[PDB]
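What follows is a set of notes on a single structure, which appears directly below.
Laboratory data are not the source of any read-out in this text; all were calculated from the coordinates shown. Using ideal geometry, Cβ is built from the backbone for each residue, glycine included, and neighbour counts are taken over all protein chains shown.
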Amino acid sequence: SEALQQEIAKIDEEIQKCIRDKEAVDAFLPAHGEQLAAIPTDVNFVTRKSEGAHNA
Amino acid sequence: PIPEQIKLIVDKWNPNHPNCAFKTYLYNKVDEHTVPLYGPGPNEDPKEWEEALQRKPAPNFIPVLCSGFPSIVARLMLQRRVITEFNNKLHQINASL
Amino acid sequence: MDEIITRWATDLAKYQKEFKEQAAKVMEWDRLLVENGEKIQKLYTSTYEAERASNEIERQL
Amino acid sequence: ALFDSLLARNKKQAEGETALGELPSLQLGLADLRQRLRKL
Amino acid sequence: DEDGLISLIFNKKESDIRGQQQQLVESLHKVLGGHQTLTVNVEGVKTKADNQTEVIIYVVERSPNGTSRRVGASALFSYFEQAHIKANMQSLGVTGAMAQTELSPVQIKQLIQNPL
Amino acid sequence: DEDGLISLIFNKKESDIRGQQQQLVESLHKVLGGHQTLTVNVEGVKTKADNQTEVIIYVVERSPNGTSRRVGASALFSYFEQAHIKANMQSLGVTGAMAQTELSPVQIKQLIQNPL
């Protein structure tokens, strides 16, 4: 039962250690998401100011 | 059938690619004439590679192997690294305008 | 001992179904990034043009 | 900044000057303007 | 990129940064390996909040022929973001870093294809 | 640079150079100070014109621990171009000299900034 009970521990520990990385992904998303969503609004804005200069 | 499921689960949660079950491909853009390069590596099934190249969104795109979570983290890392470059260039444009 | 394999497999499928979503989201974000990038370049061109034109008008005046 | 430049241009427009011909034009709007548009 | 400027955010008050600037600069020199062919220079120091300070640096590298030049910003940033180096930086109070170079689309594509 | 080769042009016929090579080599040794820790070696002799001969040399230097190595070409050229040494060389019939090392841009920049 030793090798088994140890093996299950190591395995479940590794999986849990992987899920930590999964969580690490989950954590770094919303911020980056806002940052990303910010972009199209600016380029869609700067493109407008350019049109202003060109019309000027 | 017990020590098979266990080994298969140990195989699923792993970067060795024995049916990793975290197999998704992301297309990285690369201008010609660099398409002939890339060129997978250690444990790439030409099946998956070609099947990725098959449903290609647009030319000059090469698929990229995302096995599990550190890879998607890394993809994010790049995405930020380019985020900042984007904002910078955009601000340059803004300033010149 | 089956009650452990059940947990393992459930967790596996559960987190797989989520990892797929995350990856998909990342892909969509990439698409957004390049889609905008093209426009950024267009802005670079348009801007350079504007710059040159303004310089010309400066020369004219 | 486009509409802004449209205003600015249409602002500088109706304000002089000594250009041998182009005097500032009076602005209408809304009621008179619709009819002025229909009379096109 | 040739100007080599890296902005660092420190979780320290500006007075503390300036008060021990000699020590801070040498610690950054040590993080880089401490060789006499590298010299850390402070471009600017700016308060950002009560306990947040931005420190902009560049690094001058000397060649065997006595020539000197700045380490490119991308190259320097790449060094500082390596996991071991980042950890050492965090021990000095660094909580973030930024380069000014606006990467090309092909550079960005390369970073996304090979995030490590 | 480690090969230490310096090419010298002499305003002498090849037969004259070869005919008195022992003497020529010792005179070069004297120009270097004449110590027993320096040894002039002839790498090659080539006629270039009726009364012009190229002589390629290097100098082996011995350390206090018995170790030997060639004097670097740049270092040796730097010695020979010093005004006093150049004049002594000209008295032996030397009308020019060249090192093979292709200097780096930073080295070249340093030489231009400090031509003396």
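Does F:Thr53 meet the test of being over 30 Å from E:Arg62 (Cβ atoms), surrounded by 15 or more Cβ atoms within 10 Å (Cβ to Cβ) and among the hydroxyl-bearing types (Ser, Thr, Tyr)?
On the way: over 30 Å from E:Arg62 (Cβ atoms): yes; surrounded by 15 or more Cβ atoms within 10 Å (Cβ to Cβ): yes; among the hydroxyl-bearing types (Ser, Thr, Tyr): yes.
Yes: the conditions hold for F:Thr53.
When residues of the stretch C:33-61 are filtered for being more than 9 Å from chain B (Cβ to nearest Cβ), surrounded by 11 or more Cβ atoms within 10 Å (Cβ to Cβ) and farther than 30 Å from E:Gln113 by Cβ, how many remain?
3
Just for helices (runs of 4 or more DSSP H) wholly inside the stretch E:50-116: which have at least 1 residues that are over 16 Å from E:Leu24 (Cβ atoms), β-branched (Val, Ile, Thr) and within 12 Å of another protein chain (Cβ to nearest Cβ)?
E:105-113
Answer yes if at least one residue in the stretch D:23-40 is outside any loop (DSSP other than H, G, I, E, B) and under 24 Å from A:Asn55 (Cβ atoms), and no otherwise.
yes
For the stretch F:83-94, give me each residue that is surrounded by fewer than 12 Cβ atoms within 10 Å (Cβ to Cβ) and polar (S, T, N, Q). Quick ask: steps written out before the conclusion?
As a first pass, look at the stretch F:83-94 and keep what is surrounded by fewer than 12 Cβ atoms within 10 Å (Cβ to Cβ): F:83-84, F:87, F:91.
Scanning the stretch F:83-94 gives a single hit, F:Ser91.
Can you run down the residue pairs with Cβ atoms below 9 Å, 6 or more apart or on separate chains, where the first is in the stretch B:1-15 and facing another protein chain (nearest Cβ under 8 Å) and free of Cβ contacts under 8 Å to residues at least 40 places away in the same chain and the partner is assigned to a helix (DSSP H, G or I) and exposed (fewer than 12 other Cβ atoms within 10 Å of the Cβ)?
Correct list of pairs: B:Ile2/C:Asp2.
Scanning for something in a strand (DSSP E or B) and within 15 Å of C:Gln16 (Cα to Cα), does the stretch B:27-41 turn up at least one residue?
no
Of all residues in the stretch C:14-32, which are farther than 19 Å from A:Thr41 by Cβ and either within 9 Å of chain B (Cβ to nearest Cβ) or among the hydroxyl-bearing types (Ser, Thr, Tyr) (or both)?
C:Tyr15, C:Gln16, C:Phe19, C:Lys20, C:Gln22, C:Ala23, C:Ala24, C:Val26, C:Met27
Report the residue count in the stretch B:16-49 for those that are at the interface with another protein chain (Cβ under 8 Å from one of its Cβ atoms) and of a type in the set (S, T, N, Q).
2
If I filter the stretch B:50-71 down to residues being without any contact (Cβ under 8 Å) to a residue 40 or more places away in the chain and within 11 Å of B:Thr24 (Cα to Cα), which single residue comes out as nearest to the other protein chains (Cβ to nearest Cβ)?
Checked the stretch B:50-71; the qualifying residue nearest to the other protein chains (Cβ to nearest Cβ) is B:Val64.
May I ask you to verify whether A:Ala53 is at the interface with another protein chain (Cβ under 9 Å from one of its Cβ atoms), surrounded by 14 or more Cβ atoms within 10 Å (Cβ to Cβ), of a type in the set (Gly, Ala, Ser) and under 30 Å from B:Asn88 (Cβ atoms)?
Working: at the interface with another protein chain (Cβ under 9 Å from one of its Cβ atoms): yes; surrounded by 14 or more Cβ atoms within 10 Å (Cβ to Cβ): yes; of a type in the set (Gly, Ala, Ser): yes; under 30 Å from B:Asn88 (Cβ atoms): yes.
Criteria met by A:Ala53.
If I ask for residues that are assigned to a helix (DSSP H, G or I) and of a type in the set (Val, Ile, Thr), which ones from the stretch B:49-97 would you list?
B:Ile72, B:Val73, B:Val82, B:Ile83, B:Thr84, B:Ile93
Okay, residues lined up against (1) under 19 Å from F:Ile17 (Cα atoms); (2) free of Cβ contacts under 8 Å to residues at least 40 places away in the same chain:
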residue	(1), (2)
F:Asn51	yes, no
F:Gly66	no, yes
F:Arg70	no, no
F:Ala73	no, no
F:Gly96	yes, no
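D:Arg9: part of a helix (DSSP H, G or I) and under 30 Å from A:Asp42 (Cα atoms), yes or no?
Against the criterion (part of a helix (DSSP H, G or I) and under 30 Å from A:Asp42 (Cα atoms)), D:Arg9 qualifies.
Among the residues that make up the stretch B:87-94, is at least one of them charged (D, E, K, R) and within 12 Å of chain E (Cβ to nearest Cβ)?
yes
Tally time: how many residues in the stretch B:18-41 are among the charged types (D, E, K, R) and either under 20 Å from B:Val73 (Cβ atoms) or surrounded by 14 or more Cβ atoms within 10 Å (Cβ to Cβ) (or both)?
2
Would you check which residues across the stretch A:13-50 are more than 7 Å from chain B (Cβ to nearest Cβ) and among the hydrophobic types (A, V, I, L, M, F, W, C) and list them?
Those that are more than 7 Å from chain B (Cβ to nearest Cβ) and among the hydrophobic types (A, V, I, L, M, F, W, C): A:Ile19, A:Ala27, A:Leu29, A:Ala31, A:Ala37, A:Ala38, A:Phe45.
Anything in the stretch D:4-22 that is under 14 Å from the mean Cα position of the chain (by Cα) and either closer than 26 Å to A:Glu51 by Cβ or basic (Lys, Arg) (or both)? List them, or say none.
Passing the criteria: D:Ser5, D:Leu6, D:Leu7, D:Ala8, D:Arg9, D:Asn10, D:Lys11, D:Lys12, D:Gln13, D:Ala14, D:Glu15, D:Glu22.
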